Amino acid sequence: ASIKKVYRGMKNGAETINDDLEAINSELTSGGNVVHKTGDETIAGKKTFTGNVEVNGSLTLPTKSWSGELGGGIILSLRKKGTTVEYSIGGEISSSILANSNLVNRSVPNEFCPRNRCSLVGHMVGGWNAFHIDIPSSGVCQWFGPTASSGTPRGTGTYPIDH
């Protein structure tokens, strides 16, 4: 709080002491640099909780989305929520995708790129066929199914990121 000096011989001693006590007391309910048990507050600095924390409402983290055709008609839709990327494989194979080939239309942006190579498992609609797409740290995705020229690729999951 903003308090005035209290000193020997001051004109309004009792009034200044009172106003100083009230300014301080106000910060024990709301405002100032103190965190309260009520109201919406913005908190800065590394807050380390050494005990158990319970959140009964929502816990919102930093979010960012991206979607793009990796290549061959395969679309990858991503949503970064903290250190996890939620993925969804979509699209339709519209051209010949060679076995073990890079998907060269669009690379996964750096902010969505993993530290180590991640293998995203998927399934082709209408049969028992599975494939996987690797996301390397470069974002140049690689097809690990056999040579394919058609089909509907699908698959929802997650992979880790860091910062």
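Start at 1 and count along the sequence shown; that's the residue number. By rigid core we mean the largest C-alpha set that fits within 1.5 Å across both forms.
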Judged by RMS Cα deviation after a rigid core fit in 5 other deposited structures of this protein, the more variable of 51-59 and 115-123 is 51-59
Averaging the C-alpha temperature factors as deposited, the higher value of 140-148 versus 8-16 falls on 8-16
Going by the entry, of stretches 49-57 and 105-113 the one with greater average Cα B-factor is 49-57
Top Cα B-factor in this entry, restricted to 68, 122, 127, 39, sits on 39
Among the modelled residues of its chain, the C-alpha B-factor of residue 43 falls in the third labelled highest
Of the three thirds of the chain ranked by Cα temperature factor, residue 97 occupies the middle
Among the modelled residues of its chain, the C-alpha B-factor of residue 133 falls in the third labelled lowest
